[PDB]
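Participant: Pasting protein-v8.cif here (mmCIF, C-alpha atoms and all ligand atoms):
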```
data_data
loop_
_atom_site.group_PDB
_atom_site.id
_atom_site.type_symbol
_atom_site.label_atom_id
_atom_site.label_comp_id
_atom_site.auth_asym_id
_atom_site.auth_seq_id
_atom_site.Cartn_x
_atom_site.Cartn_y
_atom_site.Cartn_z
ATOM 1 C CA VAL A 29 0.000 0.000 0.000
ATOM 2 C CA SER A 30 3.054 2.272 0.332
ATOM 3 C CA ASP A 31 6.693 2.387 -0.736
ATOM 4 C CA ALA A 32 7.719 1.952 2.917
ATOM 5 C CA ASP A 33 6.238 -1.567 3.029
ATOM 6 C CA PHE A 34 8.642 -2.915 0.382
ATOM 7 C CA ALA A 35 11.676 -1.238 1.973
ATOM 8 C CA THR A 36 10.699 -2.974 5.219
ATOM 9 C CA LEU A 37 10.384 -6.315 3.403
ATOM 10 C CA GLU A 38 13.919 -5.898 2.038
ATOM 11 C CA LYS A 39 15.334 -5.937 5.583
ATOM 12 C CA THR A 40 14.295 -9.583 6.025
ATOM 13 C CA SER A 41 15.051 -10.384 2.371
ATOM 14 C CA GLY A 42 18.767 -11.039 2.899
ATOM 15 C CA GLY A 43 19.948 -8.788 0.072
ATOM 16 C CA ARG A 44 18.945 -6.140 -2.476
ATOM 17 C CA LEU A 45 15.195 -6.184 -3.235
ATOM 18 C CA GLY A 46 13.818 -4.258 -6.220
ATOM 19 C CA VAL A 47 10.056 -4.029 -6.753
ATOM 20 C CA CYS A 48 7.918 -2.055 -9.231
ATOM 21 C CA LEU A 49 4.113 -2.348 -8.879
ATOM 22 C CA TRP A 50 2.585 -0.195 -11.605
ATOM 23 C CA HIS A 51 -0.975 0.483 -12.821
ATOM 24 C CA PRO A 52 -0.703 2.215 -16.209
ATOM 25 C CA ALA A 53 -4.408 3.108 -16.403
ATOM 26 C CA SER A 54 -4.333 5.078 -13.132
ATOM 27 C CA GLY A 55 -0.628 5.954 -12.966
ATOM 28 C CA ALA A 56 -0.340 4.333 -9.524
ATOM 29 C CA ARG A 57 3.200 3.136 -8.784
ATOM 30 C CA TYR A 58 4.736 1.445 -5.730
ATOM 31 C CA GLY A 59 8.054 -0.211 -5.044
ATOM 32 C CA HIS A 60 11.675 0.007 -3.989
ATOM 33 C CA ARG A 61 15.009 0.453 -5.844
ATOM 34 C CA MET A 62 12.849 0.787 -8.962
ATOM 35 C CA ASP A 63 15.659 2.351 -11.053
ATOM 36 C CA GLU A 64 18.653 0.375 -9.760
ATOM 37 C CA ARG A 65 20.298 -2.217 -11.999
ATOM 38 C CA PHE A 66 19.659 -5.900 -11.264
ATOM 39 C CA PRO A 67 20.825 -9.015 -13.124
ATOM 40 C CA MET A 68 18.019 -10.126 -15.436
ATOM 41 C CA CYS A 69 18.930 -13.825 -15.288
ATOM 42 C CA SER A 70 16.251 -15.753 -17.218
ATOM 43 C CA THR A 71 13.861 -12.778 -17.269
ATOM 44 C CA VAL A 72 15.780 -11.617 -20.340
ATOM 45 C CA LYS A 73 13.778 -14.325 -22.125
ATOM 46 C CA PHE A 74 10.650 -12.156 -21.982
ATOM 47 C CA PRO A 75 12.029 -9.264 -24.113
ATOM 48 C CA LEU A 76 13.710 -11.914 -26.278
ATOM 49 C CA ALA A 77 10.303 -13.410 -27.080
ATOM 50 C CA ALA A 78 8.801 -9.977 -27.764
ATOM 51 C CA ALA A 79 11.681 -9.133 -30.117
ATOM 52 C CA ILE A 80 10.994 -12.375 -32.017
ATOM 53 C CA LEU A 81 7.266 -11.621 -32.291
ATOM 54 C CA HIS A 82 7.969 -8.064 -33.477
ATOM 55 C CA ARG A 83 10.116 -9.428 -36.313
ATOM 56 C CA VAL A 84 7.325 -11.910 -37.133
ATOM 57 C CA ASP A 85 4.796 -9.059 -37.241
ATOM 58 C CA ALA A 86 7.131 -7.195 -39.615
ATOM 59 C CA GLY A 87 7.336 -10.168 -41.995
ATOM 60 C CA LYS A 88 11.079 -10.657 -41.367
ATOM 61 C CA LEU A 89 10.375 -13.928 -39.509
ATOM 62 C CA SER A 90 7.743 -16.635 -39.311
ATOM 63 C CA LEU A 91 6.554 -18.369 -36.162
ATOM 64 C CA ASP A 92 6.335 -21.505 -38.312
ATOM 65 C CA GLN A 93 9.869 -21.380 -39.691
ATOM 66 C CA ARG A 94 12.095 -24.040 -38.194
ATOM 67 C CA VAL A 95 15.483 -23.741 -36.507
ATOM 68 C CA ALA A 96 17.911 -26.672 -36.603
ATOM 69 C CA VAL A 97 19.087 -28.127 -33.291
ATOM 70 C CA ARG A 98 22.596 -29.544 -33.014
ATOM 71 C CA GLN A 99 24.216 -31.371 -30.130
ATOM 72 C CA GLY A 100 26.577 -28.435 -29.514
ATOM 73 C CA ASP A 101 23.546 -26.170 -28.907
ATOM 74 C CA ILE A 102 22.427 -28.143 -25.839
ATOM 75 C CA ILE A 103 23.306 -26.689 -22.437
ATOM 76 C CA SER A 104 22.074 -27.226 -18.879
ATOM 77 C CA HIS A 105 18.339 -27.000 -18.145
ATOM 78 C CA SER A 106 17.065 -27.331 -21.738
ATOM 79 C CA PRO A 107 14.204 -29.833 -21.311
ATOM 80 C CA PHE A 108 12.553 -29.346 -24.704
ATOM 81 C CA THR A 109 15.429 -28.492 -27.044
ATOM 82 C CA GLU A 110 17.456 -31.513 -25.844
ATOM 83 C CA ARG A 111 14.785 -33.789 -27.412
ATOM 84 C CA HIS A 112 15.226 -32.318 -30.909
ATOM 85 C CA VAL A 113 18.972 -32.738 -31.583
ATOM 86 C CA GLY A 114 19.321 -33.641 -35.255
ATOM 87 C CA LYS A 115 15.968 -32.155 -36.296
ATOM 88 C CA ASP A 116 14.392 -28.713 -36.042
ATOM 89 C CA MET A 117 11.784 -26.844 -34.011
ATOM 90 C CA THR A 118 9.405 -24.054 -34.950
ATOM 91 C CA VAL A 119 10.237 -20.586 -33.685
ATOM 92 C CA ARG A 120 6.864 -20.537 -31.876
ATOM 93 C CA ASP A 121 7.703 -23.736 -29.998
ATOM 94 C CA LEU A 122 11.178 -22.362 -29.229
ATOM 95 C CA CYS A 123 9.595 -19.223 -27.757
ATOM 96 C CA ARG A 124 7.128 -21.225 -25.657
ATOM 97 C CA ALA A 125 9.834 -23.532 -24.294
ATOM 98 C CA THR A 126 12.186 -20.724 -23.286
ATOM 99 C CA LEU A 127 9.331 -18.795 -21.655
ATOM 100 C CA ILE A 128 7.232 -21.314 -19.755
ATOM 101 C CA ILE A 129 9.908 -23.759 -18.566
ATOM 102 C CA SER A 130 13.035 -21.598 -19.121
ATOM 103 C CA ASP A 131 14.646 -23.763 -21.785
ATOM 104 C CA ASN A 132 18.134 -22.266 -21.945
ATOM 105 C CA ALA A 133 19.227 -23.651 -25.309
ATOM 106 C CA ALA A 134 15.921 -22.418 -26.749
ATOM 107 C CA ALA A 135 16.934 -18.876 -25.793
ATOM 108 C CA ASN A 136 20.343 -19.410 -27.432
ATOM 109 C CA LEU A 137 18.670 -20.649 -30.605
ATOM 110 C CA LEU A 138 16.289 -17.680 -30.733
ATOM 111 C CA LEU A 139 18.868 -14.939 -30.084
ATOM 112 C CA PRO A 140 20.575 -15.141 -33.535
ATOM 113 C CA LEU A 141 17.204 -14.567 -35.211
ATOM 114 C CA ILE A 142 17.103 -11.065 -33.719
ATOM 115 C CA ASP A 143 20.875 -10.452 -34.113
ATOM 116 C CA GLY A 144 21.966 -11.656 -30.688
ATOM 117 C CA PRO A 145 22.206 -9.770 -27.393
ATOM 118 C CA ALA A 146 23.204 -6.513 -29.097
ATOM 119 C CA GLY A 147 20.205 -6.922 -31.394
ATOM 120 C CA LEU A 148 17.934 -7.526 -28.400
ATOM 121 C CA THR A 149 19.311 -4.380 -26.758
ATOM 122 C CA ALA A 150 18.716 -2.337 -29.922
ATOM 123 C CA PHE A 151 15.118 -3.576 -30.114
ATOM 124 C CA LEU A 152 14.535 -2.570 -26.494
ATOM 125 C CA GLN A 153 16.053 0.871 -27.171
ATOM 126 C CA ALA A 154 13.914 1.452 -30.262
ATOM 127 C CA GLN A 155 10.825 0.486 -28.221
ATOM 128 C CA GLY A 156 11.726 2.933 -25.432
ATOM 129 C CA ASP A 157 13.749 0.884 -22.887
ATOM 130 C CA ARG A 158 17.161 2.551 -22.614
ATOM 131 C CA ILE A 159 18.171 0.883 -19.338
ATOM 132 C CA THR A 160 18.101 -2.819 -20.143
ATOM 133 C CA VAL A 161 21.355 -4.113 -21.603
ATOM 134 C CA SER A 162 21.489 -7.620 -23.053
ATOM 135 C CA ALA A 163 25.128 -8.591 -23.545
ATOM 136 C CA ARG A 164 25.698 -12.369 -23.407
ATOM 137 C CA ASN A 165 23.795 -15.560 -24.144
ATOM 138 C CA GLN A 166 23.273 -18.527 -21.869
ATOM 139 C CA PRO A 167 24.732 -19.427 -19.438
ATOM 140 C CA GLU A 168 26.989 -16.398 -19.035
ATOM 141 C CA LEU A 169 24.153 -13.878 -19.066
ATOM 142 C CA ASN A 170 23.568 -14.989 -15.459
ATOM 143 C CA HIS A 171 26.874 -13.470 -14.350
ATOM 144 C CA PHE A 172 26.463 -10.266 -12.345
ATOM 145 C CA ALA A 173 28.978 -7.874 -10.782
ATOM 146 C CA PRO A 174 27.981 -4.473 -9.330
ATOM 147 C CA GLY A 175 28.921 -1.650 -11.683
ATOM 148 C CA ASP A 176 28.902 -4.127 -14.593
ATOM 149 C CA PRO A 177 25.701 -3.309 -16.536
ATOM 150 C CA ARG A 178 25.753 -6.379 -18.805
ATOM 151 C CA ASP A 179 22.532 -8.439 -18.724
ATOM 152 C CA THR A 180 20.977 -6.071 -16.197
ATOM 153 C CA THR A 181 17.635 -4.301 -16.117
ATOM 154 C CA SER A 182 15.696 -2.299 -13.541
ATOM 155 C CA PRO A 183 12.307 -3.041 -11.963
ATOM 156 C CA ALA A 184 10.832 0.028 -13.640
ATOM 157 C CA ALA A 185 12.315 -0.857 -17.042
ATOM 158 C CA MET A 186 10.915 -4.393 -16.996
ATOM 159 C CA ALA A 187 7.516 -3.253 -15.749
ATOM 160 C CA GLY A 188 7.658 -0.841 -18.692
ATOM 161 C CA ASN A 189 8.446 -3.708 -21.058
ATOM 162 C CA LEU A 190 5.507 -5.722 -19.723
ATOM 163 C CA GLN A 191 3.274 -2.738 -20.513
ATOM 164 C CA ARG A 192 4.780 -2.138 -23.969
ATOM 165 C CA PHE A 193 4.580 -5.705 -25.174
ATOM 166 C CA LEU A 194 1.416 -7.012 -23.501
ATOM 167 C CA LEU A 195 -0.767 -3.885 -23.184
ATOM 168 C CA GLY A 196 0.362 -1.401 -25.839
ATOM 169 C CA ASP A 197 0.520 -2.109 -29.537
ATOM 170 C CA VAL A 198 4.184 -2.757 -30.083
ATOM 171 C CA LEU A 199 2.853 -6.147 -31.197
ATOM 172 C CA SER A 200 -0.034 -7.213 -33.399
ATOM 173 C CA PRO A 201 -3.111 -8.337 -31.419
ATOM 174 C CA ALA A 202 -2.428 -11.991 -32.252
ATOM 175 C CA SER A 203 1.199 -11.698 -31.140
ATOM 176 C CA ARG A 204 0.468 -9.777 -27.945
ATOM 177 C CA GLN A 205 -2.209 -12.319 -26.939
ATOM 178 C CA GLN A 206 0.056 -15.293 -27.759
ATOM 179 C CA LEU A 207 2.786 -13.689 -25.662
ATOM 180 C CA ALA A 208 0.265 -13.281 -22.839
ATOM 181 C CA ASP A 209 -0.873 -16.903 -23.073
ATOM 182 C CA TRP A 210 2.757 -18.012 -22.785
ATOM 183 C CA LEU A 211 3.243 -15.993 -19.597
ATOM 184 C CA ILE A 212 -0.076 -17.322 -18.278
ATOM 185 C CA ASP A 213 1.253 -20.853 -18.906
ATOM 186 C CA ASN A 214 4.478 -20.243 -16.987
ATOM 187 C CA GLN A 215 5.546 -23.385 -15.109
ATOM 188 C CA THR A 216 8.231 -21.930 -12.800
ATOM 189 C CA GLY A 217 6.478 -19.354 -10.655
ATOM 190 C CA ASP A 218 4.020 -21.299 -8.501
ATOM 191 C CA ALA A 219 6.033 -20.678 -5.306
ATOM 192 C CA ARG A 220 6.770 -17.032 -6.140
ATOM 193 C CA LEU A 221 4.552 -13.957 -6.788
ATOM 194 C CA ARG A 222 1.553 -16.213 -7.590
ATOM 195 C CA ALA A 223 1.635 -17.779 -4.105
ATOM 196 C CA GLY A 224 1.130 -14.403 -2.416
ATOM 197 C CA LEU A 225 -1.303 -12.822 -4.809
ATOM 198 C CA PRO A 226 -5.025 -12.655 -4.000
ATOM 199 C CA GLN A 227 -7.776 -14.603 -5.680
ATOM 200 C CA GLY A 228 -9.461 -12.870 -8.598
ATOM 201 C CA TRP A 229 -6.325 -12.078 -10.630
ATOM 202 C CA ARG A 230 -4.953 -13.940 -13.631
ATOM 203 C CA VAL A 231 -1.144 -14.023 -13.487
ATOM 204 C CA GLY A 232 1.303 -14.248 -16.344
ATOM 205 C CA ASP A 233 4.919 -14.225 -15.264
ATOM 206 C CA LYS A 234 8.528 -15.069 -16.137
ATOM 207 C CA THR A 235 11.142 -16.042 -13.547
ATOM 208 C CA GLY A 236 14.871 -16.409 -13.196
ATOM 209 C CA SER A 237 17.363 -17.662 -10.612
ATOM 210 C CA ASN A 238 21.136 -18.064 -10.482
ATOM 211 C CA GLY A 240 20.776 -20.971 -8.047
ATOM 212 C CA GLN A 241 22.704 -19.338 -5.187
ATOM 213 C CA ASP A 242 21.631 -15.813 -4.267
ATOM 214 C CA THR A 243 19.286 -14.275 -6.886
ATOM 215 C CA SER A 244 15.648 -14.820 -7.859
ATOM 216 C CA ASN A 245 13.531 -12.634 -10.164
ATOM 217 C CA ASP A 246 9.856 -12.719 -11.119
ATOM 218 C CA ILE A 247 8.069 -10.314 -13.491
ATOM 219 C CA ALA A 248 4.305 -10.537 -13.925
ATOM 220 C CA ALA A 249 1.170 -9.112 -15.500
ATOM 221 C CA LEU A 250 -1.932 -9.160 -13.292
ATOM 222 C CA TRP A 251 -5.270 -9.141 -15.116
ATOM 223 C CA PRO A 252 -8.402 -8.829 -12.961
ATOM 224 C CA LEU A 253 -10.588 -11.836 -13.753
ATOM 225 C CA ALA A 254 -13.498 -9.411 -13.309
ATOM 226 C CA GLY A 255 -12.086 -7.672 -16.401
ATOM 227 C CA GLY A 256 -10.622 -4.173 -16.310
ATOM 228 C CA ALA A 257 -7.204 -2.545 -16.301
ATOM 229 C CA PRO A 258 -4.201 -4.771 -15.440
ATOM 230 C CA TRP A 259 -1.279 -4.139 -13.099
ATOM 231 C CA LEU A 260 2.364 -4.981 -13.787
ATOM 232 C CA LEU A 261 4.615 -6.364 -11.078
ATOM 233 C CA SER A 262 8.400 -6.440 -11.451
ATOM 234 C CA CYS A 263 10.526 -8.089 -8.755
ATOM 235 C CA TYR A 264 14.308 -8.596 -8.588
ATOM 236 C CA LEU A 265 16.059 -10.006 -5.503
ATOM 237 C CA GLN A 266 19.838 -9.986 -5.872
ATOM 238 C CA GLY A 267 22.648 -11.044 -3.533
ATOM 239 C CA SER A 268 20.369 -12.456 -0.854
ATOM 240 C CA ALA A 269 21.563 -14.719 1.949
ATOM 241 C CA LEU A 270 18.408 -16.754 1.382
ATOM 242 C CA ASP A 271 18.448 -19.754 -0.947
ATOM 243 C CA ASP A 272 15.903 -20.395 -3.701
ATOM 244 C CA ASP A 273 13.153 -21.518 -1.335
ATOM 245 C CA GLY A 274 13.911 -18.593 0.954
ATOM 246 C CA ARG A 275 13.958 -16.150 -1.942
ATOM 247 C CA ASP A 276 10.693 -17.701 -3.153
ATOM 248 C CA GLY A 277 9.285 -16.735 0.234
ATOM 249 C CA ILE A 278 10.339 -13.140 -0.353
ATOM 250 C CA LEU A 279 8.789 -13.150 -3.833
ATOM 251 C CA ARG A 280 5.645 -14.628 -2.267
ATOM 252 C CA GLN A 281 5.551 -11.770 0.251
ATOM 253 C CA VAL A 282 6.047 -9.222 -2.534
ATOM 254 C CA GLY A 283 2.910 -10.742 -4.020
ATOM 255 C CA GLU A 284 1.106 -10.376 -0.694
ATOM 256 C CA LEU A 285 1.990 -6.677 -0.390
ATOM 257 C CA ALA A 286 1.065 -5.957 -4.015
ATOM 258 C CA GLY A 287 -2.162 -7.884 -3.446
ATOM 259 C CA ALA A 288 -3.288 -5.527 -0.697
ATOM 260 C CA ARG A 289 -2.814 -2.512 -2.993
ATOM 261 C CA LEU A 290 -5.091 -3.794 -5.769
HETATM 262 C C1 LIG A 301 17.286 -18.578 -15.801
HETATM 263 O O1 LIG A 301 17.371 -17.795 -14.813
HETATM 264 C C2 LIG A 301 17.561 -20.068 -15.680
HETATM 265 N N1 LIG A 301 18.407 -20.272 -14.533
HETATM 266 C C3 LIG A 301 19.523 -21.193 -14.644
HETATM 267 O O2 LIG A 301 19.704 -21.762 -15.671
HETATM 268 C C4 LIG A 301 20.426 -21.418 -13.427
HETATM 269 N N2 LIG A 301 21.748 -21.865 -13.825
HETATM 270 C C5 LIG A 301 19.719 -22.432 -12.542
HETATM 271 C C6 LIG A 301 19.331 -22.076 -11.260
HETATM 272 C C7 LIG A 301 18.664 -22.982 -10.451
HETATM 273 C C8 LIG A 301 18.382 -24.251 -10.932
HETATM 274 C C9 LIG A 301 18.761 -24.601 -12.224
HETATM 275 C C10 LIG A 301 19.426 -23.692 -13.032
HETATM 276 C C11 LIG A 301 16.202 -20.870 -15.569
HETATM 277 N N3 LIG A 301 15.133 -19.873 -14.570
HETATM 278 C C12 LIG A 301 15.213 -20.406 -13.312
HETATM 279 C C13 LIG A 301 14.034 -20.025 -12.537
HETATM 280 O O3 LIG A 301 13.118 -19.366 -13.090
HETATM 281 O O4 LIG A 301 13.908 -20.357 -11.334
HETATM 282 C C14 LIG A 301 15.169 -22.040 -13.672
HETATM 283 C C15 LIG A 301 15.626 -22.857 -12.477
HETATM 284 C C16 LIG A 301 13.750 -22.481 -14.060
HETATM 285 S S1 LIG A 301 16.280 -22.154 -14.966
#
```
Rewrite the structure from the file as structure tokens, please.

Facilitator:
Amino acid sequence: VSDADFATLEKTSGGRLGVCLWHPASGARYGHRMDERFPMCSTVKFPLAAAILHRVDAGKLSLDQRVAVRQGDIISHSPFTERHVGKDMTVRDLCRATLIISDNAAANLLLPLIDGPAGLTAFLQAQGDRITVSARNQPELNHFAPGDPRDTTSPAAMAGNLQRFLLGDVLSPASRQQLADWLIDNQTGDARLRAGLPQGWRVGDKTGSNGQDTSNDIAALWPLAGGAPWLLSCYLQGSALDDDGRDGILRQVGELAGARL
């Protein structure tokens, strides 16, 4: 209900908590460290998917075109792409895999279609996000050092990107609704913002974790009653809490946001 509540939550969070709760239709905004840089981790996959869909909308790409999968493409935590070595996958299926289960090789196979991390960054800049910097592919995009902006975003920037790509018309209506359905089908966020959020809200989200001290969760919140959605951007970096502990913080971020709805 206030900015103070998130700053208080940070104290028990173990590290650096960044939260942006934003209601574009009213201009309401709440959070904490909303303009500081945080490692994106796997949340970079959300702008990656939007960049792909934008190129599809422009006719420079097809969701039905197929990308070849080679053994050298496979890296850790790639549950769908590892089954297609020696054949190909549609771009649409690559997008879905990287989004809803965080297929890492899927991300690496999509990136060259939008000219890699520099191409992702240029897309974000053209669309209005001048903070987010996408520099490396997987797994090294999960590296973070303070003062090193590579593969970082800010809670405000990523809430902005949720608004641009899901709510504005950066994307065609078919693309923006497919992107939404992918977030709604996310498989990795059940213990995170969703677990704290109140009944009556449809959640689409995308998560990330470095497995040691960082967990991120970005979400769109549509009222099932219909009406104007909220965006919720959460980055927890350098926490003493492990993944389950950081899940508990993300859950509590959902509980605070839920009271202000
Ligand atoms: C993106 O952040 C991905 N994270 C990793 O690949 C890490 N190396 C990793 C951390 C913990 C367990 C396994 C791998 C994917 N997003 C994470 C998440 O959303 O929690 C993931 C575990 C689903 S993998």

Participant: Around (3.1, -5.3, -9.3), as given in the file, which residues come within 6 Å? Count all atoms listed in the file and list them as a PyMOL selection string.

Facilitator: chain A and resi 48-50+259-262+286

Participant: Residues contacting ligand LIG 301 (chain A) - anything with an atom at most 9 Å away, using only C-alpha atoms and all ligand atoms - can you give me those as a ChimeraX atom specification?

Facilitator: /A:68-73,104-106,126,128-132,166-167,169-170,215-217,234-238,240-241,243-246,272

Participant: From the options A:265, A:290, A:135, A:29, which residue's atoms come nearest to residue A:278, counting only C-alpha atoms?

Facilitator: A:265

Participant: Take the PyMOL selection byres (((chain A and resi 90-99) around 10) and not hetatm), apply it to the structure above, and return the hits as a PyMOL selection string.

Facilitator: chain A and resi 80-81+83-89+100-103+109-123+133-134+137-138+141+203

Participant: Excluding same-chain residues fewer than 6 positions from residue A:254, what lies within 12 Å of it counting only C-alpha atoms, as a VMD selection string?

Facilitator: chain A and resid 227 to 230

Participant: For residue A:284, which of A:221, A:152, A:250, A:139 is the closest residue, counting only C-alpha atoms?

Facilitator: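 Among A:221, A:152, A:250, A:139, it is A:221 that comes nearest to residue A:284.
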
Participant: Please enumerate the residues selected by the PyMOL selection byres (((chain A and resi 58) around 12) and not hetatm) when evaluated against the supplied file, formatted as a PyMOL selection string.

Facilitator: chain A and resi 29-35+46-52+55-57+59-62+183-184+187+259-263+282+285-290

Participant: Export C-alpha atoms of the chosen residues as a CSV table (one decimal), in the coordinates of the input?

Facilitator:
```csv
chain,number,residue,atom,x,y,z
A,29,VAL,CA,0.0,0.0,0.0
A,30,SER,CA,3.1,2.3,0.3
A,31,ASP,CA,6.7,2.4,-0.7
A,32,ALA,CA,7.7,2.0,2.9
A,33,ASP,CA,6.2,-1.6,3.0
A,34,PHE,CA,8.6,-2.9,0.4
A,35,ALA,CA,11.7,-1.2,2.0
A,46,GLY,CA,13.8,-4.3,-6.2
A,47,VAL,CA,10.1,-4.0,-6.8
A,48,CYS,CA,7.9,-2.1,-9.2
A,49,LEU,CA,4.1,-2.3,-8.9
A,50,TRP,CA,2.6,-0.2,-11.6
A,51,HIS,CA,-1.0,0.5,-12.8
A,52,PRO,CA,-0.7,2.2,-16.2
A,55,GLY,CA,-0.6,6.0,-13.0
A,56,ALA,CA,-0.3,4.3,-9.5
A,57,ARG,CA,3.2,3.1,-8.8
A,59,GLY,CA,8.1,-0.2,-5.0
A,60,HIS,CA,11.7,0.0,-4.0
A,61,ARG,CA,15.0,0.5,-5.8
A,62,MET,CA,12.8,0.8,-9.0
A,183,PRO,CA,12.3,-3.0,-12.0
A,184,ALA,CA,10.8,0.0,-13.6
A,187,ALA,CA,7.5,-3.3,-15.7
A,259,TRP,CA,-1.3,-4.1,-13.1
A,260,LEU,CA,2.4,-5.0,-13.8
A,261,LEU,CA,4.6,-6.4,-11.1
A,262,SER,CA,8.4,-6.4,-11.5
A,263,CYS,CA,10.5,-8.1,-8.8
A,282,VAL,CA,6.0,-9.2,-2.5
A,285,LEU,CA,2.0,-6.7,-0.4
A,286,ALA,CA,1.1,-6.0,-4.0
A,287,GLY,CA,-2.2,-7.9,-3.4
A,288,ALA,CA,-3.3,-5.5,-0.7
A,289,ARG,CA,-2.8,-2.5,-3.0
A,290,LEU,CA,-5.1,-3.8,-5.8
```

Participant: Can you tell me how far atom CA of residue A:194 sits from atom CA of residue A:220, in Å to one decimal?

Facilitator: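 Here the two named atoms are 20.7 Å from each other.
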
Participant: Please determine, counting only C-alpha atoms, which residue among A:211, A:79, A:202, A:161 has the shortest atom-to-atom distance to residue A:143.

Facilitator: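 That would be A:79, the residue with the smallest distance to residue A:143.
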
Participant: What is the distance, in Å and to one decimal place, between atom CA of residue A:186 and atom CA of residue A:172?

Facilitator: 17.3 Å
